[PDB]
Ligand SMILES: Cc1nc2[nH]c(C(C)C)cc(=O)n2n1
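Shown below, as structure tokens, is a lone chain in the form solved without this ligand; questions about how it binds or moves come after it.
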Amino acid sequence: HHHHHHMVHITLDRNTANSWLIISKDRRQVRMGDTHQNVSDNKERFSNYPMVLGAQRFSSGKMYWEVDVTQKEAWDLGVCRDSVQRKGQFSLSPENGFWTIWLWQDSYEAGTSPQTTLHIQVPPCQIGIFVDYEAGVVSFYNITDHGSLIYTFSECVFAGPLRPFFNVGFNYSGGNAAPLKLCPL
């Protein structure tokens, strides 16, 4: 792909984070803590899952960023509406305001309803995410495999400002402690 020139500097919004997440001082890395991280509760925090939003809001244009997923067993990445539900249980789907892919139990899937099997021959260490607001497109690229396409959501009905979306996943296994990292331009 040739989307690299739409690169945007994404930073994480502490105030949206689940209370067990640890966000680095530069706001470019997030990982699961082994306990509550001693923050006050607020209506923005994702309560049920280890999720956090980027600070940036997009309502136009073309945007591209990259995320490092090295050695993780489970994660969700993509974009979501600024107004997605924060509390209680919910599915990641466009009907609920999410445009996401994930890794879970050694398989990759796109967050459609129902979910779609992805075909990845080279497990990615870094994922590229491309958003074209006007076109209604969210695309995912395998940086480890020369930028090969993973998945395109088209005909997207964003219906609001978009925010970068992250889930570090649970760490029940002891094999999923590694962080998500926003990679340099």
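The first residue of the sequence shown is number 1, and the count goes up from there.
The discussion below concerns the form deposited with this ligand bound, not included here.
Taking non-hydrogen atoms only, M51 approaches this ligand to within 4.5 angstroms in the bound PDB entry. Contact check for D26: no non-hydrogen atom falls within 4.5 Å of this ligand in the bound PDB entry.
Contact check for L92: a heavy atom falls within 4.5 Å of this ligand in the bound PDB entry. In the bound PDB entry, at least one heavy atom of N167 sits within 4.5 Å of this ligand. Residues of 67-89 lying near this ligand in the bound PDB entry, listed in sequence order, are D76, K87, the criterion being any heavy atom within 4.5 Å.
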